[PDB]
Structure formats: structure tokens, C-alpha cells
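Visitor: There's a structure below that I have some questions on.
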Amino acid sequence: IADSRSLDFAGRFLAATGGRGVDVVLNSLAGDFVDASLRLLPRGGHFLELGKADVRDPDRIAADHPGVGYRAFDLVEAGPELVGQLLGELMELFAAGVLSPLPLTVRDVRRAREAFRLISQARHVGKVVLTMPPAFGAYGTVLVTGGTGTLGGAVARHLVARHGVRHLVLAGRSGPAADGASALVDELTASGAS
Ligand SMILES: NC(=O)c1ccc[n+]([C@@H]2O[C@H](COP(=O)([O-])OP(=O)(O)OC[C@H]3O[C@@H](n4cnc5c(N)ncnc54)[C@H](OP(=O)(O)O)[C@@H]3O)[C@@H](O)[C@H]2O)c1
């Protein structure tokens with residue numbers, strides 16, 4: 001480990017590798033950091049830049065730092081067919097217990113301003129995720145307890161009418177015995193919902 005806000009790392013790690021340096025260097029930092037990092041490829045290797053400030057020419061790097069293939073890249077350069085394979089390979093590993101989702105700072109999308117402030121102040125933890133408003137869907141089941149009531153049944157009619165609900169379970173102590181129950185079922189089932 002070493003501090004990211006100084007350049008001590010550059011001569012701290014070459015000293016820890018005994019001058020061999022490393023074999024690959026993934027950068028996000030700009031400015032003087034770019035050159036200070038190439039110093040950790042004395043024996044050459046890969047050096048690859050995510051940051052889009054201070055992009056460099058692969059050839060004047062290969063010259064000034066023999067055996068260093070430099071490529072600044074963006075995830076879009078992979079192409080959609082490759083992403084699928086890569087994502088397949090990753091999901092294989094998440095399911096094997098090798099990779100774990102990062103720490104999450106979660107917010108409701110309607111509260112997105114504050115979320116971007118967290119991010120722009122570097123005060124988020126790991127990954128920020130925004131979660132959409134509540135919604136009923138035609139996929140999956142919806143439970144309406146007391147769905148033989150003044151409105152509980154009226155809600156059921158309306159969920160299927162304008163919320164697209166296609167699967168319902170109405171519940172109550174009486175259950176089917178409730179009056180208007182088998183009548184409300186036939187009414188909703190005719191509306192296309194199980
Ligand atoms: N309607 C209004 O103007 C109004 C106003 C304010 C608040 N609310 C609230 O809105 C909700 C619906 O009220 P509502 O006006 O439609 O009265 P409701 O017609 O009597 O419907 C209430 C439903 O809840 C069921 N129920 C009672 N106890 C239950 C239990 N332990 N477990 C499962 N189901 C139970 C009843 O079925 P079973 O007896 O067969 O179990 C009944 O079908 C209530 O929670 C009420 O507090 C309604």
C-alpha cells in the first residue's frame with residue numbers, strides 16, 4: 001500500500017520489488033502521476049490509462065520507456081459481443097464466491113441531486129445506486145389482504161385495470177365465504193388476471 005496523493009509510491013514500490021517494478025499498471029490519476037508510474041515499469045510491460053486527461057501517444061512512450069505498451073482505453077471500446085462473454089465469465093465467479101458486490105450507497109432516484117453531491121464530494125462509499133419508485137407489474141403476484149373489503153376489492157379491480165397486474169391473491173378470514181367474493185373473482189378473471 002502507499003499514498004495516492006504523493007509520488008512516494010513511485011520509489012517506495014520499486015524499492016519493495018527490488019527494482020524489478022511491476023508487470024502491469026492500471027491508472028486513473030492525471031498530471032505528474034503518469035510519468036511517476038512509468039518508472040514502475042523498468043522491465044517494461046503494460047501501462048493502460050482510464051483517465052481521459054493527459055492522454056499519450058503509445059510510440060513516444062515505447063521510446064522513452066523501452067518495452068512499455070501504452071493504451072488509454074474506455075469500456076465502450078470492448079464491443080457488445082465481448083461484454084456478454086466477459087459478463088458471463090464474471091457471473092460464473094460471483095456464483096463461485098470469488099467476487100462480491102462492492103459496498104453500496106443507495107438512494108431513491110427521486111433524491112438523485114443529493115446523490116451526485118455525495119459523489120462529487122468523494123463522500124460516497126464504493127458504488128452509488130439509485131432505486132426507482134415503487135411499482136406493481138404484470139410479472140409476479142400481488143397480495144391484497146382484506147381484498148373482500150369496501151376498497152380492498154376495489155383496489156384489486158384498479159390494480160388490474162391501470163397497473164397491469166396479471167396475478168392476484170385476495171385474503172381475509174372469511175376468504176371465499178365472504179359475500180361478493182366469487183363474484184369479484186369472476187369479475188377480475190374476466191379482466192385477464194389470474
Ligand atoms: N373505508 C374507509 O372509509 C376507511 C377509512 C379509513 C381507514 N380505512 C382503512 O382501509 C382499510 C379497508 O377498510 P374498509 O373500509 O374497506 O372496511 P372492510 O370493508 O370491513 O374491509 C376490511 C377487510 O379486512 C378483512 N380483515 C379483517 N381482519 C382481518 C384479519 N385479521 N386478517 C385478514 N383480513 C382481515 C376483512 O375480511 P374478513 O373479515 O373475512 O377477514 C375485510 O374484508 C382498513 O384497514 C381501514 O382501517 C378505511
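Lettering and numbering for the C-alpha cells are positional, with chains as A, B, ... in the shown order, residues counted from 1 in each chain, and ligands counted from 1 in the shown order.
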All residues within 6 Å of ligand 1 are required, counting only C-alpha atoms and all ligand atoms; please report them as an NGL selection string.
Guide: :A and (145-152 or 172-175 or 178)
Visitor: How about saving the chosen residues, N, CA and C atoms kept, as a tab-separated table (two decimals), in the first residue's frame?
Guide:
```
chain	number	residue	atom	x	y	z
A	145	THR	N	-54.40	-8.20	1.11
A	145	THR	CA	-55.04	-8.69	2.32
A	145	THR	C	-56.28	-7.86	2.61
A	146	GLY	N	-57.35	-8.53	3.03
A	146	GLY	CA	-58.63	-7.86	3.14
A	146	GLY	C	-59.24	-7.52	1.79
A	147	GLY	N	-58.91	-8.29	0.75
A	147	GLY	CA	-59.33	-7.99	-0.60
A	147	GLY	C	-60.77	-8.34	-0.87
A	148	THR	N	-61.57	-8.38	0.20
A	148	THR	CA	-63.02	-8.50	0.12
A	148	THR	C	-63.70	-7.32	0.82
A	149	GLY	N	-63.01	-6.18	0.87
A	149	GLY	CA	-63.48	-5.03	1.60
A	149	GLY	C	-64.11	-3.99	0.70
A	150	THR	N	-64.60	-2.92	1.34
A	150	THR	CA	-65.12	-1.77	0.60
A	150	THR	C	-64.18	-1.37	-0.53
A	151	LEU	N	-62.89	-1.24	-0.20
A	151	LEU	CA	-61.87	-0.80	-1.14
A	151	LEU	C	-60.85	-1.87	-1.50
A	152	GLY	N	-60.55	-2.80	-0.59
A	152	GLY	CA	-59.60	-3.86	-0.91
A	152	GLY	C	-59.93	-4.56	-2.21
A	172	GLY	N	-58.47	-12.93	3.47
A	172	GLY	CA	-59.28	-12.48	4.59
A	172	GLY	C	-59.67	-13.69	5.41
A	173	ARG	N	-60.14	-13.42	6.63
A	173	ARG	CA	-60.59	-14.52	7.48
A	173	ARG	C	-61.68	-15.33	6.80
A	174	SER	N	-62.72	-14.65	6.30
A	174	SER	CA	-63.80	-15.34	5.61
A	174	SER	C	-63.29	-16.03	4.35
A	175	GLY	N	-62.49	-15.32	3.55
A	175	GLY	CA	-61.97	-15.87	2.32
A	175	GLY	C	-63.04	-16.00	1.26
A	178	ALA	N	-66.68	-14.96	2.04
A	178	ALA	CA	-67.12	-13.57	2.02
A	178	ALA	C	-68.10	-13.35	0.87
```
Visitor: Could you pull the residues within 12 Å of residue A:69, counting only C-alpha atoms, minus those fewer than 6 positions along the same chain, as an MDAnalysis selection string?
Guide: chainID A and resid 23:25 38 41 43:49 56:63
Visitor: Just want the 10 Å neighbourhood of residue A:7, counted on only C-alpha atoms, with same-chain residues fewer than 5 positions away dropped. Output as a list in words.
Guide: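 Selected residues are residues 2, 12, 32, 33, 36 and 37 of chain A.
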Visitor: Considering only C-alpha atoms, return as a PDB file with C-alpha atoms, in the first residue's frame whatever protein or nucleic-acid residues lie within 9 Å of residue A:166, sequence-local ones (same chain, fewer than 5 positions apart) excluded.
Guide:
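Now in selection-v5.pdb:
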```pdb
ATOM      1  CA  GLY A 137     -46.203  -5.200 -12.539  1.00  0.00           C
ATOM      2  CA  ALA A 138     -47.790  -7.814 -14.757  1.00  0.00           C
ATOM      3  CA  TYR A 139     -44.920 -10.134 -13.782  1.00  0.00           C
ATOM      4  CA  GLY A 140     -45.177 -11.715 -10.345  1.00  0.00           C
ATOM      5  CA  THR A 141     -48.018 -11.967  -7.854  1.00  0.00           C
ATOM      6  CA  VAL A 142     -49.688  -9.189  -5.860  1.00  0.00           C
ATOM      7  CA  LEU A 159     -54.545  -2.710  -9.937  1.00  0.00           C
ATOM      8  CA  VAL A 160     -55.590  -4.945 -12.825  1.00  0.00           C
ATOM      9  CA  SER A 191     -60.220  -8.696 -16.789  1.00  0.00           C
ATOM     10  CA  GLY A 192     -57.438 -11.078 -17.824  1.00  0.00           C
ATOM     11  CA  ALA A 193     -55.809 -11.618 -14.420  1.00  0.00           C
ATOM     12  CA  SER A 194     -55.326 -14.930 -12.663  1.00  0.00           C
TER      13      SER A 194
END
```
Visitor: With distances taken over only C-alpha atoms, which of A:91, A:130, A:122, A:1 is nearest to residue A:110?
Guide: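 For residue A:110, the nearest of the given residues is A:130.
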Visitor: Using DSSP on the backbone, list every residue of stretch 138-170 of chain A that comes out as strand (DSSP E), and give them as a PyMOL selection string.
Guide: chain A and resi 142-145+168-170
Visitor: Excluding stretch 75-82 of chain A and its own-chain neighbours fewer than 6 positions away, which residues fall within 12 Å of it when counting only C-alpha atoms? Please give them as a VMD selection string.
Guide: chain A and resid 49 to 51 88 to 89
